[PDB]
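K.L.:
The structure that follows is given in the form of structure tokens.
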Amino acid sequence: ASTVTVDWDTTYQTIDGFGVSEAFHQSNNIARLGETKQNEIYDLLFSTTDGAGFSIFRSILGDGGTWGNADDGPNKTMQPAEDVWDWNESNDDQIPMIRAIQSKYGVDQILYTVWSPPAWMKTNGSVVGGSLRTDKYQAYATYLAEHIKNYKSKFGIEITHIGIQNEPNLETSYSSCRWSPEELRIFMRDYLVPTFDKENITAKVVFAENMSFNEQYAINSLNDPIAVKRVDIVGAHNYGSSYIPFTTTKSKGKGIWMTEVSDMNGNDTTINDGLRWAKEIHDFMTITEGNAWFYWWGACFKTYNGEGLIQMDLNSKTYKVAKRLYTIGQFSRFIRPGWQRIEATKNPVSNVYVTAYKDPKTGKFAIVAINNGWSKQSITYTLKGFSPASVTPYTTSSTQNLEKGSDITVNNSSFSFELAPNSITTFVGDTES
Ligand SMILES: O[C@@H]1[C@@H](O)[C@H](O[C@@H]2CO[C@@H](O)[C@H](O)[C@H]2O)OC[C@H]1O
Ligand SMILES: [Cl-]
Ligand SMILES: [Cl-]
Ligand SMILES: [Cl-]
Ligand SMILES: [Cl-]
Ligand SMILES: [Cl-]
Ligand SMILES: [Cl-]
């Protein structure tokens with residue numbers, strides 16, 4: 001019987017949201033399941049009433065590669081040659097899904113990440129590996145600005161966040177482009193910042209998304225007086241690393257987005273894998289104090305690993321939902337863009353981890369409690385600085401998927417709940433009536 005204290009007036013970072021991606025034709029793989037299952041998958045991902053309520057959507061800016069195939073491969077680029085633009089909305093197979101989920105679910109944060117500049121800008125003449133030619137830095141700055149401008153003016157899509165390079169540390173067997181940190185500062189200071197200023201770009205920059213979770217690729221730009229003007233967000237993946245503070249990023253008042261993580265080595269779809277990712281979010285919120293957290297694919301055609309939250313079998317036209325969709329939903333469905341983390345006893349007892357969030361504009365709040373141990377844990381929650389009448393529990397476990405429970409009466413700013421082993425429960429409430 002342990003105690004968690006939640007303080008309404010001790011506040012931390014603003015939460016920008018939670019995201020997924022459908023890059024590399026996975027958006028088209030959803031549609032191939034048929035209209036009925038397509039809408040079911042949109043619902044599971046983005047609905048705030050019967051889904052995970054993801055609030056950010058990450059997509060690939062087409063590079064024109066020729067690798068892969070139609071099930072997993074690149075999209076045509078809107079600038080296939082230095083002297084040719086091709087604003088054909090059919091080039092980007094993510095546009096139909098973006099329009100549908102912005103309309104139906106109000107998803108209004110749209111991140112486009114570049115995996116590679118087009119081949120004619122690359123040192124090896126290919127979108128696979130290599131680097132950006134130094135005599136193509138301006139062409140790439142123009143490339144990025146023209147995409148933000150013309151996705152709006154031609155396709156009606158507002159790109160609110162632009163990711164300038166996915167994993168600049170890595171050359172892969174698919175779309176990739178290697179940068180050094182100093183090459184990124186030179187690109188920001190001498191090309192991106194003056195081009196974005198000249199074109200009056202208001203989209204925020206998610207800085208080069210390091211494969212490992214550190215700010216090393218951003219330190220050079222963050223300390224540059226010109227580049228720092230548009231280092232709006234420092235992005236990073238969490239493949240093979242752990243959650244640490246981004247010291248220089250916080251000193252410059254910038255945001256932190258963990259824009260991709262998944263299990264590429266195993267295929268665990270049970271609550272144990274789900275609680276692994278819930279614990280990653282908890283560490284992200286409390287160690288790094290980050291602002292947005294992303295899984296990799298929302299739905300994908302890989303039934304053999306954990307790169308997506310939903311595994312689609314294209315041959316039988318079926319899909320299977322892993323527990324990680326719901327364990328991540330325990331955060332993402334309730335913590336909307338603009339919410340604010342508040343103080344809660346982060347570790348009340350062994351294997352129990354707690355965070356808390358509030359909406360400063362409605363008085364709504366959410367308390368997310370993880371129990372990734374083997375023992376039932378009775379917890380008494382003391383609410384400091386606010387007094388709701390009741391809380392509503394939502395639980396995910398080996399037998400429950402974001403299951404709404406009976407309301408729990410709050411007696412003098414205190415309520416108790418027994419956390420089941422290997423489970424996660426969110427308590428949701430409102431202070432204004
Ligand atoms: O099927 C392939 C995917 O597995 C691959 O996913 C990559 C996983 O590592 C991440 O760091 C990368 O950002 C992500 O692209 O993408 C290519 C696709 O063909
Ligand atoms: Cl591109
Ligand atoms: Cl890369
Ligand atoms: Cl899972
Ligand atoms: Cl992602
Ligand atoms: Cl899996
Ligand atoms: Cl809200």
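To be explicit about the labels: the chains of the structure tokens are called A, B, and onward in the order shown, and within each one the residues are counted from 1, while ligands get numbers from 1 in the order they are shown.
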At a cut-off of 6 Å around ligand 5, and using only C-alpha atoms and all ligand atoms, what residues come up? Please write them as a ChimeraX atom specification.
P.N.:
/A:20-21,58,259-260,294-296
K.L.:
Hey, which residues sit close to ligand 1? Say within 9 Å, counting only C-alpha atoms and all ligand atoms, and write them as a ChimeraX atom specification.
P.N.:
/A:23-25,67-69,71-74,115,166-167,170,172-176,209-212,237-239,259-262,264,296-297,302,307
K.L.:
Next, the residues of the selection above should be written as a tab-separated table (two decimals), in the first residue's frame with N, CA and C atoms.
P.N.:
chain	number	residue	atom	x	y	z
A	23	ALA	N	4.82	5.70	-43.88
A	23	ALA	CA	5.76	5.85	-44.97
A	23	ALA	C	6.05	4.51	-45.65
A	24	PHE	N	6.63	4.59	-46.85
A	24	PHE	CA	7.06	3.43	-47.63
A	24	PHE	C	5.88	2.55	-48.03
A	25	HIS	N	4.83	3.19	-48.54
A	25	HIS	CA	3.63	2.58	-49.11
A	25	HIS	C	2.70	1.96	-48.07
A	67	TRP	N	14.52	1.77	-55.52
A	67	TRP	CA	14.68	0.56	-54.73
A	67	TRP	C	13.32	-0.01	-54.34
A	68	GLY	N	13.35	-1.11	-53.58
A	68	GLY	CA	12.16	-1.70	-52.98
A	68	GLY	C	11.16	-2.20	-54.01
A	69	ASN	N	9.89	-2.22	-53.61
A	69	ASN	CA	8.80	-2.63	-54.49
A	69	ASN	C	7.52	-1.91	-54.06
A	71	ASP	N	5.01	-3.00	-52.33
A	71	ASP	CA	4.57	-3.25	-50.96
A	71	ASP	C	5.39	-2.47	-49.95
A	72	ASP	N	6.63	-2.14	-50.30
A	72	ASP	CA	7.55	-1.45	-49.40
A	72	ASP	C	8.60	-0.79	-50.28
A	73	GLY	N	8.49	0.53	-50.45
A	73	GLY	CA	9.34	1.23	-51.36
A	73	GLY	C	9.15	2.73	-51.35
A	74	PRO	N	9.88	3.42	-52.22
A	74	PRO	CA	9.86	4.89	-52.24
A	74	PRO	C	8.74	5.45	-53.11
A	115	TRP	N	13.95	11.20	-45.92
A	115	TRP	CA	14.91	10.12	-45.77
A	115	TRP	C	16.15	10.35	-46.63
A	166	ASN	N	16.28	12.06	-41.94
A	166	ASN	CA	16.12	10.88	-41.10
A	166	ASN	C	17.45	10.18	-40.93
A	167	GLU	N	17.87	9.99	-39.67
A	167	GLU	CA	19.09	9.29	-39.29
A	167	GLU	C	20.29	9.70	-40.13
A	170	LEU	N	23.46	7.26	-40.78
A	170	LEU	CA	23.31	5.92	-41.32
A	170	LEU	C	23.14	5.95	-42.83
A	172	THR	N	21.88	3.16	-45.51
A	172	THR	CA	21.11	1.93	-45.44
A	172	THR	C	20.98	1.33	-46.83
A	173	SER	N	20.18	0.27	-46.93
A	173	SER	CA	19.84	-0.34	-48.21
A	173	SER	C	18.60	0.29	-48.83
A	174	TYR	N	18.14	1.41	-48.30
A	174	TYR	CA	16.98	2.13	-48.82
A	174	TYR	C	17.31	3.62	-48.73
A	175	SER	N	16.28	4.46	-48.77
A	175	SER	CA	16.49	5.91	-48.77
A	175	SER	C	17.26	6.34	-47.54
A	176	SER	N	18.39	6.99	-47.75
A	176	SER	CA	19.25	7.41	-46.65
A	176	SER	C	20.21	8.47	-47.17
A	209	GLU	N	17.14	13.64	-37.44
A	209	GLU	CA	16.67	12.68	-36.44
A	209	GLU	C	17.70	11.58	-36.27
A	210	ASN	N	18.59	11.77	-35.30
A	210	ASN	CA	19.64	10.80	-35.01
A	210	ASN	C	19.05	9.44	-34.68
A	211	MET	N	19.70	8.39	-35.20
A	211	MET	CA	19.25	7.02	-34.93
A	211	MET	C	19.29	6.71	-33.45
A	212	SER	N	20.28	7.26	-32.75
A	212	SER	CA	20.43	7.09	-31.31
A	212	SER	C	19.92	8.33	-30.59
A	237	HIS	N	15.72	9.31	-32.75
A	237	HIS	CA	15.11	8.01	-32.55
A	237	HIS	C	15.70	7.38	-31.28
A	238	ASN	N	15.20	6.20	-30.91
A	238	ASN	CA	15.67	5.50	-29.71
A	238	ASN	C	16.03	4.06	-30.03
A	239	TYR	N	16.75	3.85	-31.13
A	239	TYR	CA	17.15	2.52	-31.56
A	239	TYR	C	18.51	2.20	-30.94
A	259	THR	N	11.00	10.76	-32.61
A	259	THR	CA	10.15	10.63	-33.79
A	259	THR	C	10.03	9.22	-34.33
A	260	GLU	N	10.73	8.23	-33.77
A	260	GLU	CA	10.59	6.86	-34.24
A	260	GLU	C	11.25	5.85	-33.31
A	261	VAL	N	10.53	4.77	-33.02
A	261	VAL	CA	11.10	3.62	-32.33
A	261	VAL	C	10.17	2.44	-32.60
A	262	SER	N	10.73	1.24	-32.55
A	262	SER	CA	9.98	0.01	-32.81
A	262	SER	C	10.90	-1.16	-32.48
A	264	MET	N	12.50	-4.11	-34.22
A	264	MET	CA	12.86	-4.73	-35.50
A	264	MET	C	13.46	-6.12	-35.34
A	296	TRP	N	6.92	3.80	-34.70
A	296	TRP	CA	7.29	3.78	-36.11
A	296	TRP	C	6.03	3.77	-36.97
A	297	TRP	N	5.67	2.62	-37.53
A	297	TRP	CA	4.46	2.52	-38.33
A	297	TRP	C	3.23	2.36	-37.44
A	302	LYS	N	4.21	-5.97	-42.16
A	302	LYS	CA	5.18	-6.88	-41.56
A	302	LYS	C	4.54	-7.60	-40.38
A	307	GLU	N	7.58	-3.58	-36.01
A	307	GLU	CA	7.78	-2.26	-36.58
A	307	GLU	C	6.49	-1.46	-36.69
K.L.:
Using only C-alpha atoms, determine which residues lie at most 12 Å from residue 84 in chain A, disregarding the query and same-chain residues fewer than 6 positions distant; provide the list as a ChimeraX atom specification.
P.N.:
/A:77-78,120,143
K.L.:
Tell me, as a PyMOL selection string, which residues lie within 8 Å of residue 339 in chain A, counting only C-alpha atoms; anything in the same chain fewer than 5 positions away does not count.
P.N.:
chain A and resi 14-16+357-360
K.L.:
For the residues in that selection, give me N, CA, C and O atoms as a compact mmCIF listing (two decimals), in the first residue's frame.
P.N.:
# COMPACT_ATOMS: atom_id res chain seq x y z
N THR A 14 5.40 21.16 -21.89
CA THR A 14 4.20 21.09 -22.71
C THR A 14 4.31 19.91 -23.66
O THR A 14 5.36 19.67 -24.26
N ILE A 15 3.23 19.15 -23.78
CA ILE A 15 3.19 17.97 -24.63
C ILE A 15 2.63 18.37 -25.99
O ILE A 15 1.52 18.91 -26.08
N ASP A 16 3.41 18.13 -27.04
CA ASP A 16 2.95 18.43 -28.39
C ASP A 16 2.08 17.33 -28.97
O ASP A 16 1.22 17.61 -29.81
N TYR A 357 -0.67 14.62 -16.04
CA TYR A 357 -0.80 15.68 -17.04
C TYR A 357 -2.12 16.41 -16.83
O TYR A 357 -3.09 15.82 -16.36
N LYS A 358 -2.15 17.69 -17.20
CA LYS A 358 -3.37 18.47 -17.12
C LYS A 358 -3.51 19.34 -18.36
O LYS A 358 -2.52 19.67 -19.02
N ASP A 359 -4.75 19.70 -18.68
CA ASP A 359 -5.03 20.66 -19.73
C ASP A 359 -5.20 22.03 -19.10
O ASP A 359 -6.19 22.24 -18.37
N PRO A 360 -4.29 22.98 -19.32
CA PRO A 360 -4.41 24.28 -18.64
C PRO A 360 -5.63 25.07 -19.05
O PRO A 360 -5.97 26.05 -18.36
K.L.:
Got a sec: who's within 12 Å of residue 366 in chain A, counting only C-alpha atoms, leaving out chain neighbours fewer than 2 positions off, as number ranges by chain?
P.N.:
A: 6, 8, 330-336, 339-344, 354-359, 363-364, 368-369, 383, 388, 391-394, 425-431
K.L.:
Please provide the set of residues having any atom within 9 Å of residue 242 in chain A, restricted to only C-alpha atoms, with same-chain residues fewer than 6 positions apart removed, written as a list in words.
P.N.:
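What passes the distance filter is residues 212, 213, 214, 280 and 283 of chain A.
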K.L.:
Would you mind listing the residues within 8 Å of ligand 2, counting only C-alpha atoms and all ligand atoms, as a short mmCIF file (atom, residue, chain, number, x, y, z; two decimals) with N, CA, C and O atoms, in the first residue's frame?
P.N.:
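Written file, out_24.cif:
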data_model
loop_
_atom_site.label_atom_id
_atom_site.label_comp_id
_atom_site.auth_asym_id
_atom_site.auth_seq_id
_atom_site.Cartn_x
_atom_site.Cartn_y
_atom_site.Cartn_z
N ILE A 60 6.78 10.47 -45.29
CA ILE A 60 8.03 10.62 -46.03
C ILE A 60 7.83 11.61 -47.17
O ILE A 60 6.85 11.53 -47.92
N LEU A 61 8.76 12.55 -47.29
CA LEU A 61 8.84 13.44 -48.44
C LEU A 61 9.49 12.68 -49.58
O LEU A 61 10.68 12.35 -49.52
N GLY A 62 8.71 12.39 -50.63
CA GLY A 62 9.15 11.55 -51.72
C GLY A 62 10.48 11.92 -52.33
O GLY A 62 10.73 13.09 -52.60
N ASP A 63 11.34 10.93 -52.55
CA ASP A 63 12.69 11.18 -53.06
C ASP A 63 12.92 10.64 -54.46
O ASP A 63 13.98 10.90 -55.03
N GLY A 64 11.97 9.91 -55.03
CA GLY A 64 12.13 9.39 -56.37
C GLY A 64 13.00 8.16 -56.48
O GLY A 64 13.51 7.88 -57.57
N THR A 77 9.33 11.76 -56.45
CA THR A 77 9.58 13.08 -55.90
C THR A 77 8.90 14.15 -56.75
O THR A 77 8.69 13.97 -57.95
N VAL A 114 12.39 13.85 -44.42
CA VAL A 114 13.16 13.47 -45.60
C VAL A 114 14.10 12.33 -45.23
O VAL A 114 14.92 12.46 -44.32
N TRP A 115 13.95 11.20 -45.92
CA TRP A 115 14.91 10.12 -45.77
C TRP A 115 16.15 10.35 -46.63
O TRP A 115 17.26 10.01 -46.22
N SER A 116 15.97 10.94 -47.82
CA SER A 116 17.10 11.29 -48.68
C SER A 116 16.69 12.39 -49.64
O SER A 116 15.54 12.39 -50.11
N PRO A 117 17.57 13.33 -49.95
CA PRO A 117 17.35 14.21 -51.10
C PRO A 117 17.26 13.39 -52.38
O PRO A 117 17.71 12.23 -52.41
N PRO A 118 16.69 13.94 -53.44
CA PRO A 118 16.61 13.18 -54.70
C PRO A 118 18.00 12.90 -55.25
O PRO A 118 18.99 13.56 -54.91
#
K.L.:
Residues of range 10-241 of chain A classed as strand (DSSP E) by DSSP on the backbone are to be reported as a count of residues only.
P.N.:
35
K.L.:
Can you pull out the residues contacting range 218-225 of chain A? Cut-off 12 Å, using only C-alpha atoms, and skip same-chain residues under 2 positions away; I want them as a VMD selection string.
P.N.:
chain A and resid 164 to 165 168 179 to 190 192 to 193 205 to 210 213 to 216 227 to 236 246 to 256
K.L.:
Name the closest residue to ligand 3 among the candidates A:39, A:169, A:91, A:142; distances are taken between atoms, counting only C-alpha atoms and all ligand atoms.
P.N.:
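With only C-alpha atoms and all ligand atoms as the atom set, the closest residue is A:169.
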K.L.:
Report as a ChimeraX atom specification which protein, DNA and RNA residues come within 6 Å of ligand 6, using only C-alpha atoms and all ligand atoms.
P.N.:
/A:267-269,305-306
K.L.:
Can you measure CA of residue 98 in chain A to CA of residue 158 in chain A for me? One decimal in Å is fine.
P.N.:
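These atoms are spaced 10.2 Å apart.
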